[PDB]
Amino acid sequence: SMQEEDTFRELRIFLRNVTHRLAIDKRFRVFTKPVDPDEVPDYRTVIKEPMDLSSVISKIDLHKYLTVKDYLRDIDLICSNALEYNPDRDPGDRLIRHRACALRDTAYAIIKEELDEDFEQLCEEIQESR
Ligand SMILES: O=C(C1CC1)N1CCN(c2ccc(F)cc2)CC1
């Protein structure tokens with residue numbers, strides 16, 4: 001229906017706004033663009049599904065997310081990729097992991113305060129119905 005297409009448009013507006021707030025935070029700069037294969041040729045052989053905040057913006061616009069749960073699977077994949085690729089005790093690795101965990105916890109906290117649970121339940125029921 002028209003009403004269902006209006007529900008999914010509101011979902012996209014909400015997701016662009018959360019993603020822009022993460023992307024301007026100086027802590028999360030390393031997560032804003034894909035890894036350059038020239039700089040890190042080993043990256044694409046270790047990490048099977050790369051993900052970053054520029055790709056998440058592109059996926060919102062392509063209508064890839066029908067629920068906030070779909071969207072948070074990609075935020076969780078940005079975080080898990082960083083913990084897998086950078087697992088060592090040295091400071092460079094410990095700083096990337098700390099920032100990855102902060103990206104994940106910040107996205108979950110914005111959504112806890114600002115997403116209405118009945119708006120998410122509506123998105124999930126339209127998705128199920130298709
Ligand atoms: O996991 C990531 C970020 C996507 C989250 N990276 C770890 C490895 N970094 C790197 C850069 C130059 C270099 F010569 C070797 C490694 C780039 C940043």
Side-chain angles (χ1 to χ4, degrees), residues 1-25 27-130:
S1 66
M2 161 88 299
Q3 306 101 264
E4 295 176 338
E5 294 316 304
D6 291 343
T7 299
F8 295 133
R9 216 170 292 117
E10 172 159 4
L11 174 67
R12 294 190 299 268
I13 296 163
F14 176 71
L15 296 182
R16 293 193 195 89
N17 176 272
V18 174
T19 312
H20 178 252
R21 287 148 70 191
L22 299 175
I24 65 179
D25 187 309
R27 292 174 296 163
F28 306 146
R29 184 176 200 285
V30 66
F31 306 117
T32 62
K33 291 192 301 187
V35 176
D36 189 356
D38 288 2
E39 276 206 40
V40 198
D42 153 83
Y43 188 77
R44 250 148 217 90
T45 80
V46 181
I47 301 298
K48 301 307 180 193
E49 189 173 13
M51 191 50 61
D52 69 280
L53 298 173
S54 69
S55 304
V56 167
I57 287 311
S58 295
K59 290 185 65 165
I60 296 167
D61 288 347
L62 284 171
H63 304 195
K64 299 277 194 174
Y65 307 119
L66 297 197
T67 70
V68 183
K69 177 193 263 65
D70 290 3
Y71 167 88
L72 284 173
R73 288 185 222 288
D74 278 344
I75 303 301
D76 282 322
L77 181 60
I78 295 172
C79 181
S80 67
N81 283 354
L83 305 184
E84 178 183 359
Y85 193 73
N86 312 276
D88 290 353
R89 73 90 38 208
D90 61 88
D93 284 21
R94 284 187 172 167
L95 176 62
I96 293 167
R97 295 204 303 281
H98 191 267
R99 292 171 163 173
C101 286
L103 172 73
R104 175 202 66 200
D105 297 348
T106 300
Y108 275 86
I110 293 172
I111 285 166
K112 195 200 191 157
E113 287 191 321
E114 300 174 31
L115 173 65
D116 191 299
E117 282 176 33
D118 292 336
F119 179 86
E120 178 60 13
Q121 185 66 35
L122 177 57
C123 289
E124 288 179 16
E125 292 182 1
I126 305 165
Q127 176 179 62
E128 263 133 32
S129 86
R130 301 215 153 161

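All residue numbers in this chain count up from 1 along the given sequence. Scope of the values below: all heavy atoms of this structure, side chains included, with no hydrogens, waters or symmetry mates.
Within 6.0 Å of NE2 in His20 there are 12 or fewer heavy atoms belonging to other residues, nucleotides or ligands.
Between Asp93 and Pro87 the shortest side-chain heavy-atom distance falls below 4.5 Å. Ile111 places a side-chain heavy atom less than 4.5 Å from the side chain of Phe14. Counting heavy atoms from C-beta outward, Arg99 and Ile96 have side chains that stay 4.5 Å or more apart. In this structure, the side chains of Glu4 and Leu122 stay at 4.5 Å or more apart for every pair of heavy atoms. When side chains are defined from C-beta on, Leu66 does not count as touching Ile126, because their heavy atoms never get closer than 4.5 Å. With a 4.5 Å cut-off on side-chain heavy atoms, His98 and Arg27 do not count as touching. In this structure, the side chains of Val56 and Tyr71 come closer than 4.5 Å at one or more pairs of heavy atoms. With a 4.5 Å cut-off on side-chain heavy atoms, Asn17 and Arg21 count as touching.
By the criterion of side-chain heavy atoms lying less than 4.5 angstrom apart, applied directly or through intervening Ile, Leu, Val, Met, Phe, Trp or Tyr residues, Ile78 is not grouped with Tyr85; the two fall into different hydrophobic clusters.
Residues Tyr108 and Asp76 bring a donor and an acceptor atom of their side chains to less than 3.5 Å of each other.
The pair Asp70-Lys64 does not meet the salt-bridge criterion, since no charged nitrogen lies less than 4.0 angstrom from a carboxylate oxygen. Look at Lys112 and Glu117 and you find no salt bridge, because none of the NZ, NE, NH1 or NH2 atoms lies under 4.0 Å from a carboxylate O.
A donor-acceptor pair under 3.5 Å links the side-chain atoms of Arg97 to the main chain of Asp88, judged by distance alone. Looking only at distances, a side-chain donor or acceptor of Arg94 sits under 3.5 Å from a matching main-chain atom of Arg89. Judged purely by atom type and a 3.5 angstrom limit, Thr32 has no side-chain atom pairing as donor or acceptor with the backbone of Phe28.
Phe8 approaches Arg130 most closely through the heavy-atom pair CE1-NH1, 3.5 Å. Between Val68 and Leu15, the closest heavy-atom pair is CG2-CD2, 4.4 Å.
Annotation: side chain to side chain donor-acceptor pair (under 3.5 Å) contacts involving residues 44-53, sequence neighbours excluded, comprise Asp52-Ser54, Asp52-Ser55.
Other members of a hydrophobic cluster containing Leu62 are absent, since no ILVMFWY side chain comes under 4.5 Å of it, directly or through relayed contacts.
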Walk me through whether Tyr43 and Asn81 qualify under side chain to side chain contact (heavy atoms under 4.5 Å, CB included).
CA-CA 10 Å; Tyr43 188 77; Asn81 283 354; 3.8 Å; yes
Side chain to side chain donor-acceptor pair (under 3.5 Å) evaluation trace for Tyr65 with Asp74
CA-CA 10 Å; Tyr65 307 119; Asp74 278 344; 2.6 Å; yes
